[PDB]
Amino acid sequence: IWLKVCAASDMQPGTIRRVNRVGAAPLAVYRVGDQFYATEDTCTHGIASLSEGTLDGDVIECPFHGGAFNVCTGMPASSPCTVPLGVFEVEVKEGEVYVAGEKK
């Protein structure tokens, strides 16, 4: 169920934050403007950390091979990525960032 990630102001616009989860695969929380999104942190094309990539609009570019994903739908935006990223809806209440426990 929902996990408290951080205060909205803890992230500058256009930045990415990695969220480690004990016993689980890490997640990546993106701040596009004033909006927040989250996906699995590991690129589906390899072992790269998307949180160490480049964000352009709502598209995250993997730092390894240039593959890319739409941080909202999790669908590939650029090759060689073909496997859709797991998306996690995020909630922002009272200046606090929350990311769902499961996908969807």
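Don't overthink the numbering: it's just position in the shown sequence, from 1.
Please rank the C-alpha B-factors of the chain's modelled residues and tell me whether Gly23 sits in the lowest, middle or highest third. CA B-factor rank for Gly23: highest third.
Name the third of the chain's ranked CA B-factors that contains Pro80, choosing lowest, middle or highest. Lowest third of the chain for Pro80's C-alpha B-factor.
Classify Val59 as lowest, middle or highest third according to the C-alpha B-factor given in the PDB entry, relative to its own chain. It falls in the middle third of the chain.
Can you tell me whether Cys72 has a C-alpha B-factor in the lowest, middle or highest third compared with the other modelled residues of the same chain? Top third by C-alpha B-factor.
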